[PDB]
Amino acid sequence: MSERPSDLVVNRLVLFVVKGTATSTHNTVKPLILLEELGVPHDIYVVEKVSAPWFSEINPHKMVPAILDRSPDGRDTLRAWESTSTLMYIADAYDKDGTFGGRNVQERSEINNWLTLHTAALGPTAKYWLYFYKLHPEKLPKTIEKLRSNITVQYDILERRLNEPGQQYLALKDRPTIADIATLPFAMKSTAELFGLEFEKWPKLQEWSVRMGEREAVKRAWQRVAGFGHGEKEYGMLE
């Protein structure tokens, strides 16, 4: 059994993050964007060690983002982990008019298609590219090349979708959804440059990334996620 830190209390949604760095924020920013869009009251908890027993009992995958929140009746606690799952949870609990989660079966059908495309395809492909490029002890260039090639195929799919008449966002024509929030961090100029790709080659995808990036909630989320653990408090429950 594991013991939690004394400052870990769940009086509202608690979003678990690590110290902001270039390589630590592309997943944690996703739930933070949706919390900012919906004005959900939330705490930020900066995790010193994701290998800590107490944290593994929240997220067995031992990564951020993770969420602890009160159950709707406030009697119990529940958890969300995997960035896509944190988006699903926040939409379920707090998006009660379906603005970001989808208002009907038809809207949700397209939202889940484009959300799952990111969760299963671009997300893991980008993660494996990053691993084999930086993290793996040995350099495997033929593997890195194939993964880079797969990223361009995913960008091609997103570009095709955003070239469809009146298709301003990935899932819905009219407004951004959790599908757009999930995709943005892996389909923007800075991330494309990291992969060694010229993002200008996908012009509608670039225009979409700029339109998403101009949203106040998105600007706020990016600013905050970079700063977590670099304020008055380094680790634990932020004030």
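Numbers follow the displayed sequence, beginning with 1.
State which stretch shows the higher mean Cα B factor in the entry: 210-218 or 174-182. Comparing 210-218 with 174-182, the higher mean C-alpha B-factor belongs to 210-218.
On average, are the C-alpha B-factors higher in 198-206 or in 23-31? Looking at the record's C-alpha B-factors, the answer is 198-206.
Which listed residue, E37, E193, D69, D43, has the largest C-alpha temperature factor in the record? That would be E193, according to the entry.
Looking at the C-alpha B-factor values in the deposited entry, which of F100, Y128, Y169, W81 comes out highest? Among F100, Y128, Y169, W81, the highest C-alpha B-factor in the entry belongs to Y128.
Please rank the C-alpha B-factors of the chain's modelled residues and tell me whether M188 sits in the lowest, middle or highest third. Its C-alpha B-factor, which the entry lists for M188, ranks in the highest third among residues of this chain.
Pull the Cα B-factor of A91 out of the PDB entry and bin it into the chain's lowest, middle or highest third. It belongs to the lowest third of the chain when residues are ordered by C-alpha B-factor.
Could you place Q106 in the lowest, middle or highest third of its chain by Cα temperature factor, using the values in the record? Within its chain, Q106 is a middle-third residue by C-alpha B-factor, going by the deposited values.
Tell me, lowest, middle or highest third: where does the Cα B factor of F132 rank within its chain? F132: CA B-factor falls in the highest third of its chain.
Which third, lowest, middle or highest, does the CA B-factor of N113 fall in along this chain? According to the entry, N113 has a C-alpha B-factor in the chain's lowest third.
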